[PDB]
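S.K.:
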Amino acid sequence: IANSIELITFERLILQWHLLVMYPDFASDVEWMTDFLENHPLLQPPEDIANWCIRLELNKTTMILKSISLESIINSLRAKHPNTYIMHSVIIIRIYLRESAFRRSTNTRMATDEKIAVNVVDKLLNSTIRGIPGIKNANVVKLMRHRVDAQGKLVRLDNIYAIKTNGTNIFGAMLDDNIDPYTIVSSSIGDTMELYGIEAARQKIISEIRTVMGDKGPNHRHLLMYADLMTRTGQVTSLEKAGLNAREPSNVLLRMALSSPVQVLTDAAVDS
Amino acid sequence: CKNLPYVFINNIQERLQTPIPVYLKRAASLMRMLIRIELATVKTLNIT
Amino acid sequence: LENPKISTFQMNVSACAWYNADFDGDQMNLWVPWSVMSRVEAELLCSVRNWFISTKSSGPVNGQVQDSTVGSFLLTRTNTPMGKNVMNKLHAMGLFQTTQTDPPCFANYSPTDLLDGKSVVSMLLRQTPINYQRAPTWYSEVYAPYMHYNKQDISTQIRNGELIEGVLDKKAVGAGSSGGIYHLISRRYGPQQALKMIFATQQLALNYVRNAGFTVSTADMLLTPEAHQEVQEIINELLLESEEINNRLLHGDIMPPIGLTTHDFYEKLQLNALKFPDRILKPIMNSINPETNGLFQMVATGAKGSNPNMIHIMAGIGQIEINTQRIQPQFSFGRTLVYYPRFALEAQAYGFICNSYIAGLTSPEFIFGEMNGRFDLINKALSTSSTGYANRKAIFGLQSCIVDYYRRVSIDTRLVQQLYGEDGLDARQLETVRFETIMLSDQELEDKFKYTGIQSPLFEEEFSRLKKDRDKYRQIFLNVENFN
Amino acid sequence: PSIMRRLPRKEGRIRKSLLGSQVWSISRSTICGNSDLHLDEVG
Amino acid sequence: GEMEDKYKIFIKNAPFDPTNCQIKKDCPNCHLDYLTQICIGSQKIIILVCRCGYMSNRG
Amino acid sequence: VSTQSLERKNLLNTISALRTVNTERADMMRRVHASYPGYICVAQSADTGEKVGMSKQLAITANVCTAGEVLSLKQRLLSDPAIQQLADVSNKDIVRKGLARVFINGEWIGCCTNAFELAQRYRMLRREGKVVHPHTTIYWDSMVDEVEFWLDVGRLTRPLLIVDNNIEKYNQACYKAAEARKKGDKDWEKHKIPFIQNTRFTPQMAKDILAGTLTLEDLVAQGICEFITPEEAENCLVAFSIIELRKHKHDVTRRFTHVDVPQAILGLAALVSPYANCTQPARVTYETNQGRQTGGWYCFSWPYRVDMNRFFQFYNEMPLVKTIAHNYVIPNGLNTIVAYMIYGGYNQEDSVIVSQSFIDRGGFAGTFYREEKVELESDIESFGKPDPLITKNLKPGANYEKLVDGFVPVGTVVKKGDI
Amino acid sequence: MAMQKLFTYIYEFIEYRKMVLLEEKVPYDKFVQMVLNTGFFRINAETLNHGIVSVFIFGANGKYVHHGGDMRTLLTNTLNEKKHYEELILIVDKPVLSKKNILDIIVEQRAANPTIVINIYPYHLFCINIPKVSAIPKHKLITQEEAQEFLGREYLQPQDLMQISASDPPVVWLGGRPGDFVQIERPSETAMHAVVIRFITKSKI
Amino acid sequence: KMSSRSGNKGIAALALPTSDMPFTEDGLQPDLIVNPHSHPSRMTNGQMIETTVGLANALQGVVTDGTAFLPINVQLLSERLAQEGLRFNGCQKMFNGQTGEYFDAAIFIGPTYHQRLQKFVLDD
Amino acid sequence: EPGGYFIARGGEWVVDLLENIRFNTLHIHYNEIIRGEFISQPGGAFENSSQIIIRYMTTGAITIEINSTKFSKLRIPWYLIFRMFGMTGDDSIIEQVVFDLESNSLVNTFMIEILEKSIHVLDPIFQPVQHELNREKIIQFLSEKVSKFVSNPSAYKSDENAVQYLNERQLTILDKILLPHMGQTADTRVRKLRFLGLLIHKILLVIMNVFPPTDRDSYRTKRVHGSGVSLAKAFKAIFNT
Ligand SMILES: [Mg+2]
Ligand SMILES: [Zn+2]
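Residue numbers (the UniProt record's numbering), protein chains in the order written: chain A, 1113 to 1132, 1143 to 1212, 1221 to 1402; chain B, 968 to 1015; chain C, 436 to 919; chain D, 297 to 339; chain E, 47 to 105; chain F, 504 to 526, 537 to 932; chain G, 1 to 205; chain H, 995 to 1118; chain I, 188 to 217, 225 to 435.
Put into structure tokens, the structure is as follows:
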């Protein structure tokens, strides 16, 4: 499962990629055009294919390393990008595009063909093939947890395995059946706030300061002083000049003594 | 143990047995727990 | 101080923990309150007995340091190289002629009667009787294989102020020792009484050593000629295992796991292959006499030093780690220094020091150690600048929080906490205690806490609460484990 | 010379003159050890 | 890739740089007692080279 | 101009102030770099504050080079048949044939076929000292195949003894042993000779140095040593001491170019500390900081000077265990008898108990000096004993009775409040 | 996976709010069919005050999200029906909340209907049983009478309390409106548990 | 403030009369008493070797060289002490000057070069 | 006392040995992602030094700056400097940097790609000169940009002598302010072009992750000057005013 959820993007599968009687070294490509159209006549190069030939090839060591199948990729790209016909061959790949993705850019009046071709390749290479976005690694770690037995004793279980990813995506992890979604622990305060609320983000601040303290950390009630001050407004405010303005705006004299008296004084006089 | 949260108010209100706020009942939870353990009958048999 | 030739502010060495000070040239300020109002609150509010317990950590601050740590060990030690650790009536009386307490009574003692050191200490701890039972710093599993321990020295026990057995050292009398002698005196009798006991037990320890002596010599750090050859054999085994990892590399047999390169896997392999075994202390402990070695006794009692300090002096320094990494080649593309070739394979080329301090380092070894030392002096200087700026922004963001008349915390009216610390307590007034129901099973709990003497429903209700409290505790703190 | 340049820095009016002080009736000296003093005494 | 154009000059000079590590190993070409060893890159490729022009991994 | 006021705390401080080199970046730049040994003292720096790692000290043998006659070398190189002129060769030509670009003092002045051969030929010329000046840097970059010559000011140099071997005869014997081996001789291995590497410095040369009959510039003249800058050090494999050189005397797999003297990696202040390699090095840094703060005979012309905050200590001793640094500076200190013991708890935490008799007898006693300088205005102010009746704003409570002719006479004790 | 998670936890959300479904629960396959065809899925539920709450689940590429005109037409058509409305919950994907045009439509429709609450929420707020997440303490709505008695004993104003947004996930699952109070039981590493009372303020959008 | 050449610096805290200082069986008494607890963490081992070597230098009548990186052998230096009539460890029997009682332990006492640092208490 | 100090106003002063960077050498460090400086010096310790910076931006432009007294941090794209100096052909211009056109090794092709993308950027100040074919009008545009005492265009251009005067002035000043250490006459302009090509080649090699950037703390590129050099520099700098 640690391998299942790690983000494998499209860039890292291909070893080389060329952005484009055709170009040299393209005889097998028209051969790819030849033998593919007989494989299944359900599809063919559609009505909308204008001028671009974005041929790519795949490093074959990658899929054997990560148990990928060429079926998985082709199903992946055209379940998210309904503007291309893929030419998946049997390893080489020649993605063809449509003109229908070129005319909805009315918000940009300098859109040429080169940049818009880079953007869709940019929009396409970032498409996930397998995993959860934002998860770069995922290692397996051994946890120590308590549990209550059938006899009613509290025992410590040391043979528990779990996945410690690198990067945070709480919402993606609950969209996965291999992970218990009620026990997700992130190290991010901002992500915990967005997904859970203010009370869970307060507990997150206590936990994250505690780890930075080390072993000779202070009493626990000094940590509650930081967490409860930073969350008293229903949002997470900082311990900088911006947070002081959010919590005590009418205290001009306190805010002058911190950072910049002339700017604070000028704003105070205008607002009375 | 029933009157322990009045340590947070005063002896005037404990005598009158006025109601206690819920957040002050929670504050006496660890000490009520410890008192009931270390002053159980199995431990206080020889105390007069 | 009425001697006109003295210009210093003088204080007791056990007071230096309040100020984080020492005596190599520090300066302190002093002002004397002249106003009646400022004088009243200096004495009732700001006396140093109010800072005996730390506000930061909730444990004690003061205790013995360095002479009373090792002098308390020597006093309560069971055996001396001269036989039993006893003194006659004159010398037992002399230990108290400085304590500035009320003297004990020796009238039931004759001039030739002998008193053990634990007897003399009990004459002082009777005033503030406490209960204490732990093992001393002296007893270590590290030293146990190679050293004889007296059984009446390795389990310190105090019953109503009587020192029944064991030695007093850092675990019991040391400064900042949680659950030690002075922390217990403070809990039963107050912090002024604990400060008075630190002074009195410090004069007992110092007056004992003014008859016993304590020194350190160059011969204390010297390995025996046969014990020197045992250290060399241990070192060669490390350099033999290090050269096996090199031999595998020459054959391309180093295959890293997933996530590591061949360079970073090779450097991790070497780092673990050049670690001293735990048996490097066998030749060290065969060369010293733990009864008379002063360098060993300062380390073993917790007075000063550590075991890696002693290994470096006597046996070898080993591998230099900077950022938990070996010496990176920064002298022209694959050399560490001008003394080593490019792409060198030997462990000496990346910071392995085969010499001890008492033997004397070579020039490349000295340079590697100087790089290590310069790093530490630099990190120390950053402490002033890095945390001072973060300290001022923490202070300004938090300074308006003040305790109300309800014990809430607010900023002028606006609640920050409904109850300070969620329990409303001062951090100088906490003790660590064990709840002995949490880990039991329902059959152990049934036996230990359920009373069968009287058959009444009130004793069924009492036991049900003990179960309910246990389960509520379990449920709450099992949940805390889930979001951490 | 400005009226408003007196305010801002660590050597300004607020942080030097208002948040700190120069005081009378104070002394300073080097500290040294004395084992005949109690822990709450100073020579 | 390495060993080809990234370090071609260095590898061709390695037998003559006197600050390079040597290895006690006979040369197949000129029958010399010692060889020059280098270890370039994060994969720690080991290359043996000689003054006569010999080089490991088919150089 | 970055200058410091000369603070003559003692002679060691005076000499060390004249050898001081002054300047995550702010922390990485205070490190001990791998290029220091032999040029910058590895131990000496500040120990507290921001000044740590800022002021560097020259090591004991390191010198600063003056600018050489670059024009003569430039015209000699352009006459070398082994160097092709810049305009006589093309970029295509110098990548095709793999030629090496040759620089002198920064500027590209041609190309050569074999960079190693040119570098070593001119190094051999520098050793005789007449064609190439001995203070010339000759660097050869084998990664990108360039040769550099340097002769400008500001280069740090240090002498190094040269190691020579017999690799050519060893190579020929190897070839001849192979010739016997392939042809069919079963005794092919008896033709090999052992490898030998050595320096030419002899005990008689050391004896002559100590007798004044031999000098450094005479050692250079016969090519026993040479000067190496940090640039050229990257072409050098240096044996850290003569013990290391003797250990590998017949090791063909570790051929040294030079051999070092271990004490050369320390500066003069750090060499005052005896048995310094038996001490943790950070304490040697602390000593370099403390050795220059100590009292002594701070100058031998103190009575002719009017200084501020200077201390003259009457009695000084040579250490019982002296070092080489006491061949060049006056020792300032005393050979105190020290007992290492516990005595009543008054030496705890970096304190000492002193003998009062030792103090009374003049141990570490001396005289301290303070100066003054009061100026006058032309025709407005003057020196003279003020008259309270015709002079306003006399300082309250001030004793004017000490003044004679405007100044207090020499030899009178002045107090607080005196004029 | 968001659509399948929604399909279960939206009815769990409706049950948690003490509402009864006024319709027939269609299979998941039919549900995704209607979402992909019509552009949204409508769920109607009844509160204890006999009021109707309508839930709109928008597909991540429908017309109502990309153009404001379709959403405006839908909102005007739905609020003119003959139902005693209390609240409309619109569920969109996360980037929809950043597009200004739809937010303008929602505020304009709020202004036109002062008696109706219009709320727009992202997907992640309904893709799990929020009250059962371990990290989230127990939230509970208390009446104005208990809050009044608490504040009277404490000599406090509602503006002195700590505040919580009305779009906080636990408060959304509770159904808490601005001007209300929420009581929280939270775990404590000093007293084993604590109780606070927060004041519900206006929502993010 | 004083200091030795290994960087071990300290403040003069107490000054005792002649009759109050410790003395050995032959009457040797110290000028300075430094705490042994200043050694184990700082690891200034060259200062202890200097006391060992200089102790035999004084009885021999010579001044020797202790420059860094010269070969040393603390075992052979400690046997030089025994050849001069002293103990192997360089420790002697000492008496308390105030009571006249001997310690139950030999004390390490000998000559160590010291310096006065220019940080005067009257100025600060 | 050995001496070696100064007495001024009765006090004793020591002129400190100052640690400066080595001249005539390229220092490569890390919009602008990388930066190559080069302080050239005509030859001698006391001469005036001209700094040039060859920077590479995220867009792809490789622009060249010359910090000196006469100018002020003006940035010129690299192709225009080569064109001003009598070298126009794009293949030939690349042969200044790559030294080849017939090697298809990865480094070469990557370098050529970088340069080809570089030579097609629109610098805001160098737009109407972007594709110019000759030199004299490029020099005229330079004189328009840099001459501070000139503020009335289309007035001096009505005459002829001023144009030639400005062209000669710009040619001679850039023949003194671009790489003075190689010479200051017009016959040393081609070798200046080759040296600049080799410098850019080195910078782009550091881009390729083939070699590291310059180690700012190593002493192979440090110089220690002291009393004489610093005293002369101050005796001449304040001599100016
Ligand atoms: Mg200090
Ligand atoms: Zn060969």
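Note that beta-carbon positions come from the ideal geometry of N, C-alpha and C, so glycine has one too.
1) Short check: CB of F/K605 to CB of I/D294, under 8 Å?
2) Which residues, in chain order, sit with a beta-carbon under 5 Å away from any heavy atom of ligand 1?
3) So what does DSSP say about G/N101, is it helix, strand or coil?
4) Using a Cβ-Cβ cut-off of less than 8 Å, give me the residues of the region 466 to 478 of chain C that come near chain D, in sequence order.
5) Assuming A/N1296 contacts A/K1266 (C-beta within less than 8 Å), just tell me the rounded distance between them.
6) If you follow the beta strand (DSSP E) that H/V1028 is in, where does it begin and where does it stop?
7) Which residues in chain G have a C-beta closer than 9 Å to the C-beta of C/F831? List them in chain order.
8) Would you mind sorting I/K264 into buried or exposed? The rule is 16 or more other CB atoms within 10 Å of its CB.
9) Kindly indicate which three-state DSSP category F/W815 falls into: helix, strand or coil?
10) Any idea if A/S1194 is buried or exposed, counting beta-carbon neighbours within 10 angstroms, 16 or more meaning buried?
11) Roughly how many whole angstroms lie between the Cα atoms of H/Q1109 and C/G460?
12) Does the distance between the C-beta of E/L94 and the nearest non-hydrogen atom of ligand 2 fall short of 7 Å?
13) Along the chain, where does the alpha helix (DSSP H) containing A/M1355 start, and where does it finish?
14) Determine which residues share a DSSP beta bridge with C/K519 and list them.
15) Taking 8 Å as the CB-CB limit, is C/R843 close to chain A?
16) Between the region 547 to 566 of chain F and the region 825 to 835 of chain F, can you find at least three pairs of beta-carbon atoms closer than 8 Å?
17) Could you check where the beta strand (DSSP E) with C/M463 kicks off and where it finishes?
18) State yes or no: is the C-beta of E/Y80 nearer than 7 Å to some heavy atom of ligand 2?
19) So, at 7 Å on beta carbons, what are the nonlocal neighbours of F/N618 in its own chain, with the 5 sequence-adjacent residues on each side left out?
20) According to DSSP, is E/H77 helix, strand or coil?
21) Does the distance from the CB of E/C67 to the CB of C/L796 come in under 8 Å?
22) Is it buried or exposed for C/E857, if we count other Cβ within 10 angstroms and need 16 for buried?
23) Thinking C-beta only, is E/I69 closer than 8 Å to E/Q83?
24) What is the DSSP secondary structure of H/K1003, reduced to helix, strand or coil?
25) Quick one: list the residues of chain B neighbouring C/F884, beta-carbon separation under 7 Å, in chain order.
26) For C/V844, which of helix, strand or coil comes out of DSSP?
27) Return the CA-CA distance between C/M749 and C/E726, expressed in angstroms with no decimal places.
28) If we define contact as Cβ-Cβ less than 8 Å, is C/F458 a contact residue for chain D?
M.R.: With the structure as the only source:
1) Yes, these two residues count as a Cβ contact at 8 Å.
2) C/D457, C/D459 and C/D461
3) G/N101 falls in the helix class under three-state DSSP.
4) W466, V467 and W469
5) Contact holds; Cβ gap of about 5 Å.
6) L1026 to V1028
7) Near C/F831 there are no residues of chain G at all, since even the closest Cβ is about 21 Å away, more than 9 Å.
8) exposed
9) helix
10) Counting Cβ neighbours within 10 Å, A/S1194 comes out exposed, since fewer than 16 surround it.
11) Going by C-alpha positions, H/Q1109 is about 15 Å away from C/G460.
12) no
13) According to the DSSP assignment, A/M1355 belongs to the alpha helix (DSSP H) that extends over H1350 to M1360.
14) C/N514
15) Chain A contact via Cβ: absent.
16) no
17) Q462 to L465
18) no
19) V583, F662, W663, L664 and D665
20) coil
21) no
22) buried
23) Yes. Within cutoff.
24) Strand.
25) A1007 and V1009
26) Assignment of C/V844 by DSSP, reduced to helix, strand and coil, places it in the strand class.
27) 18 Å
28) yes
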